[PDB]
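Undergrad: Below is the structure I would like to discuss, written out as structure tokens.
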Amino acid sequence: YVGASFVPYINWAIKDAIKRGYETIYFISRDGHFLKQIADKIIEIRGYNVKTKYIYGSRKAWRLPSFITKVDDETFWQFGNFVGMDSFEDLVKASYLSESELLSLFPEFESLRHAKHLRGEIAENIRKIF
Amino acid sequence: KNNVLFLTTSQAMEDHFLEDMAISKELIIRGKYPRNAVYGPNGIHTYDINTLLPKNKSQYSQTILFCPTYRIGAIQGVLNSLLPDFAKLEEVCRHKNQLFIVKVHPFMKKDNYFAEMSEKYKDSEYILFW
Ligand SMILES: Nc1ccn([C@@H]2O[C@H](COP(=O)(O)O)[C@@H](O)[C@H]2O)c(=O)n1
């Protein structure tokens, strides 16, 4: 099952990358751990002329630093930062701010201390506040 | 367009409602809003105010009516961001012998925070949810 799910895709991607002229293929953390093993085996067997490298990173480690001159509006929408949060400390961690700093900017959030469902309309309102 | 007698109250409001509605200018009625000129001091009163207040009105320096509107696209959390700390509001209104009357727009009564505070201060001497 997992072969039928991964190996045909990586074979296609390698052939297409060669066809487009890419010399180096970077596989990114977590997802690339298995995919790069597959790709290396394919390249060895087929003698394909292309290098592979592994790079570490995640949405967490890359989205925030990418705020060069503005905080993307995506940050305050459905696939943004304040999503899937199931507790007040989850809101804290999503805000990037320490607990005290968060309560200092937005004192109203103190009323959300003991809640345990910060999804739905409440999340949209919190996004509008931030 | 054929049977609606629309009640305008001023030239500005008449022009506004003509802009925003599909009414017949020749069916416009000009006068007062009945709800603004019927329940006067010696007007009509279907209930005694004192049966709804925690104390007789005389025992309050000021009767305050907080009557916000509904914000478009948000309901859950609006009231909390408008009145985050009901405890301190109660303290202040007590020290001042003020009766703070929460009369939110009907659409806003579904904010979970609204129900929470309405139950929390159902017997409050200085905060009254209408
Ligand atoms: N806090 C509020 C807001 C609106 N209302 C009622 O709704 C009417 C329309 O108000 P809106 O413009 O806010 O929808 C008001 O004239 C009043 O009769 C109320 O009774 N209490």
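Residues are named by chain letter and number: chains run A, B, ... in the order of the structure tokens, numbers start at 1 in each chain, and ligands are numbered from 1 in the order shown.
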Could you build a table of the residues in chain B lying no more than 9 Å from ligand 1, giving for each the nearest pair of atoms and their separation in Å rounded to one decimal place, using only C-alpha atoms and all ligand atoms, ordered by chain and ascending residue number, as JSON lines?
TA:
```
{"residue": "B:35", "atom": "CA", "partner": "ligand 1", "partner_atom_place_in_ligand_line": "18 (O)", "distance": 8.7}
{"residue": "B:65", "atom": "CA", "partner": "ligand 1", "partner_atom_place_in_ligand_line": "1 (N)", "distance": 9.0}
{"residue": "B:66", "atom": "CA", "partner": "ligand 1", "partner_atom_place_in_ligand_line": "1 (N)", "distance": 7.1}
{"residue": "B:67", "atom": "CA", "partner": "ligand 1", "partner_atom_place_in_ligand_line": "1 (N)", "distance": 3.5}
{"residue": "B:68", "atom": "CA", "partner": "ligand 1", "partner_atom_place_in_ligand_line": "1 (N)", "distance": 4.3}
{"residue": "B:69", "atom": "CA", "partner": "ligand 1", "partner_atom_place_in_ligand_line": "13 (O)", "distance": 4.4}
{"residue": "B:70", "atom": "CA", "partner": "ligand 1", "partner_atom_place_in_ligand_line": "13 (O)", "distance": 6.5}
{"residue": "B:102", "atom": "CA", "partner": "ligand 1", "partner_atom_place_in_ligand_line": "1 (N)", "distance": 8.1}
{"residue": "B:103", "atom": "CA", "partner": "ligand 1", "partner_atom_place_in_ligand_line": "1 (N)", "distance": 5.0}
{"residue": "B:104", "atom": "CA", "partner": "ligand 1", "partner_atom_place_in_ligand_line": "1 (N)", "distance": 3.7}
{"residue": "B:105", "atom": "CA", "partner": "ligand 1", "partner_atom_place_in_ligand_line": "2 (C)", "distance": 3.7}
{"residue": "B:106", "atom": "CA", "partner": "ligand 1", "partner_atom_place_in_ligand_line": "21 (N)", "distance": 6.8}
{"residue": "B:107", "atom": "CA", "partner": "ligand 1", "partner_atom_place_in_ligand_line": "3 (C)", "distance": 8.8}
{"residue": "B:108", "atom": "CA", "partner": "ligand 1", "partner_atom_place_in_ligand_line": "1 (N)", "distance": 8.4}
```
Undergrad: Would you mind exporting the chosen residues as a PDB file, in the first residue's frame, restricted to N, CA and C atoms?
TA:
```
ATOM      1  N   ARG B  35     -43.466  54.417  18.598  1.00  0.00           N
ATOM      2  CA  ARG B  35     -42.706  53.927  19.743  1.00  0.00           C
ATOM      3  C   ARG B  35     -41.872  55.015  20.408  1.00  0.00           C
ATOM      4  N   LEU B  65     -28.052  52.779  30.467  1.00  0.00           N
ATOM      5  CA  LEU B  65     -28.556  51.798  29.508  1.00  0.00           C
ATOM      6  C   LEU B  65     -27.478  51.547  28.462  1.00  0.00           C
ATOM      7  N   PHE B  66     -26.846  50.376  28.523  1.00  0.00           N
ATOM      8  CA  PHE B  66     -25.840  49.974  27.546  1.00  0.00           C
ATOM      9  C   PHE B  66     -26.538  49.169  26.457  1.00  0.00           C
ATOM     10  N   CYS B  67     -26.656  49.755  25.265  1.00  0.00           N
ATOM     11  CA  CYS B  67     -27.443  49.186  24.172  1.00  0.00           C
ATOM     12  C   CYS B  67     -26.605  49.145  22.902  1.00  0.00           C
ATOM     13  N   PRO B  68     -25.713  48.167  22.780  1.00  0.00           N
ATOM     14  CA  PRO B  68     -24.882  48.059  21.577  1.00  0.00           C
ATOM     15  C   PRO B  68     -25.630  47.397  20.426  1.00  0.00           C
ATOM     16  N   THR B  69     -25.026  47.490  19.245  1.00  0.00           N
ATOM     17  CA  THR B  69     -25.515  46.820  18.049  1.00  0.00           C
ATOM     18  C   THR B  69     -24.721  45.539  17.813  1.00  0.00           C
ATOM     19  N   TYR B  70     -25.240  44.703  16.919  1.00  0.00           N
ATOM     20  CA  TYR B  70     -24.522  43.509  16.502  1.00  0.00           C
ATOM     21  C   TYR B  70     -23.468  43.874  15.464  1.00  0.00           C
ATOM     22  N   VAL B 102     -27.802  46.066  30.920  1.00  0.00           N
ATOM     23  CA  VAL B 102     -27.317  45.423  29.704  1.00  0.00           C
ATOM     24  C   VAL B 102     -28.523  45.102  28.826  1.00  0.00           C
ATOM     25  N   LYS B 103     -28.663  45.829  27.715  1.00  0.00           N
ATOM     26  CA  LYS B 103     -29.735  45.614  26.738  1.00  0.00           C
ATOM     27  C   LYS B 103     -29.068  45.458  25.372  1.00  0.00           C
ATOM     28  N   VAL B 104     -28.549  44.262  25.108  1.00  0.00           N
ATOM     29  CA  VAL B 104     -27.853  44.012  23.855  1.00  0.00           C
ATOM     30  C   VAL B 104     -28.863  43.791  22.734  1.00  0.00           C
ATOM     31  N   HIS B 105     -28.387  43.928  21.503  1.00  0.00           N
ATOM     32  CA  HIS B 105     -29.225  43.632  20.353  1.00  0.00           C
ATOM     33  C   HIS B 105     -29.659  42.168  20.407  1.00  0.00           C
ATOM     34  N   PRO B 106     -30.908  41.855  20.045  1.00  0.00           N
ATOM     35  CA  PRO B 106     -31.360  40.454  20.131  1.00  0.00           C
ATOM     36  C   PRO B 106     -30.388  39.450  19.531  1.00  0.00           C
ATOM     37  N   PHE B 107     -29.862  39.728  18.334  1.00  0.00           N
ATOM     38  CA  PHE B 107     -28.934  38.801  17.696  1.00  0.00           C
ATOM     39  C   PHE B 107     -27.771  38.446  18.614  1.00  0.00           C
ATOM     40  N   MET B 108     -27.404  39.352  19.520  1.00  0.00           N
ATOM     41  CA  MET B 108     -26.242  39.154  20.375  1.00  0.00           C
ATOM     42  C   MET B 108     -26.528  38.279  21.587  1.00  0.00           C
TER      43      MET B 108
END
```
Undergrad: Sorted by chain and rising residue number, list the residues of chain B at most 7 Å from chain A (counting only C-alpha atoms), each with its closest atom pair and distance in Å to one decimal, as a tab-separated table.
TA:
```
residue	atom	partner	partner_atom	distance
B:74	CA	A:125	CA	6.2
B:76	CA	A:122	CA	5.4
B:77	CA	A:122	CA	6.2
B:80	CA	A:108	CA	6.5
B:81	CA	A:108	CA	5.6
B:84	CA	A:108	CA	5.0
```
Undergrad: As a count of residues only, please: every residue in chain B that DSSP puts in alpha helix (DSSP H).
TA: 34
Undergrad: Could you pull the residues within 7 Å of residue B:99, counting only C-alpha atoms, minus those fewer than 2 positions along the same chain, as an MDAnalysis selection string?
TA: chainID B and resid 60 62:64 93 97 101 126:127
Undergrad: Would you mind telling me which residue in A:130, A:102, A:14, A:75 lies nearest to residue A:42 when using only C-alpha atoms?
TA: A:14
Undergrad: Among chain A, which ones does DSSP place in strand (DSSP E), written as an NGL selection string?
TA: :A and (24-28 or 51-55)
Undergrad: Residues near stretch 2-15 of chain B, anyone? I mean within 7 Å using only C-alpha atoms, not counting same-chain ones fewer than 2 positions away, as a PyMOL selection string.
TA: chain B and resi 17-19+23+27-32
Undergrad: Next, the residues of the selection above should be written as a short mmCIF file (atom, residue, chain, number, x, y, z; two decimals), in the first residue's frame with N, CA and C atoms.
TA:
```
data_model
loop_
_atom_site.label_atom_id
_atom_site.label_comp_id
_atom_site.auth_asym_id
_atom_site.auth_seq_id
_atom_site.Cartn_x
_atom_site.Cartn_y
_atom_site.Cartn_z
N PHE B 17 -34.32 56.41 2.60
CA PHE B 17 -35.15 55.22 2.44
C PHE B 17 -35.67 55.09 1.01
N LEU B 18 -35.84 56.21 0.30
CA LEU B 18 -36.16 56.12 -1.12
C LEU B 18 -34.99 55.55 -1.90
N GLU B 19 -33.76 55.94 -1.54
CA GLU B 19 -32.58 55.36 -2.18
C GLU B 19 -32.52 53.86 -1.95
N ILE B 23 -40.06 51.47 -2.58
CA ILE B 23 -41.36 51.95 -2.15
C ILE B 23 -41.85 53.00 -3.15
N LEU B 27 -46.84 56.93 -1.67
CA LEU B 27 -47.42 56.19 -0.55
C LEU B 27 -46.71 56.49 0.76
N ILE B 28 -45.82 57.48 0.78
CA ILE B 28 -45.05 57.79 1.98
C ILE B 28 -45.93 58.51 2.98
N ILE B 29 -45.80 58.13 4.25
CA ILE B 29 -46.47 58.80 5.36
C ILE B 29 -45.40 59.50 6.19
N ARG B 30 -45.62 60.78 6.48
CA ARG B 30 -44.69 61.59 7.24
C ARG B 30 -45.27 61.85 8.62
N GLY B 31 -44.51 61.51 9.66
CA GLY B 31 -44.96 61.70 11.02
C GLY B 31 -43.94 61.28 12.05
N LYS B 32 -44.41 60.86 13.22
CA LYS B 32 -43.56 60.40 14.30
C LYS B 32 -43.58 58.87 14.39
#
```
Undergrad: Would you please work out which residue, of A:73, A:35, A:49, A:59, is nearest to residue A:8 when using only C-alpha atoms?
TA: A:35
Undergrad: I'd like the contact shell of stretch 85-101 of chain A - 7 Å cut-off, only C-alpha atoms, skipping same-chain residues fewer than 6 positions apart - returned as a ChimeraX atom specification.
TA: /A:112-113,115-119
Undergrad: Give me a file of those residues, with C-alpha atoms, as a PDB file, in the first residue's frame.
TA:
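Saved to result_39.pdb:
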```pdb
ATOM      1  CA  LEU A 112     -11.063  32.719  28.149  1.00  0.00           C
ATOM      2  CA  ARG A 113      -8.841  31.128  30.807  1.00  0.00           C
ATOM      3  CA  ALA A 115     -12.687  27.576  28.419  1.00  0.00           C
ATOM      4  CA  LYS A 116     -11.884  24.325  26.617  1.00  0.00           C
ATOM      5  CA  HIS A 117     -13.361  24.904  23.113  1.00  0.00           C
ATOM      6  CA  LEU A 118     -11.686  27.791  21.255  1.00  0.00           C
ATOM      7  CA  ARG A 119     -12.858  26.646  17.808  1.00  0.00           C
TER       8      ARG A 119
END
```
Undergrad: For a quick check of understanding, using only C-alpha atoms, which of A:18, A:83, A:4, A:71 has the smallest distance to residue A:50?
TA: A:18
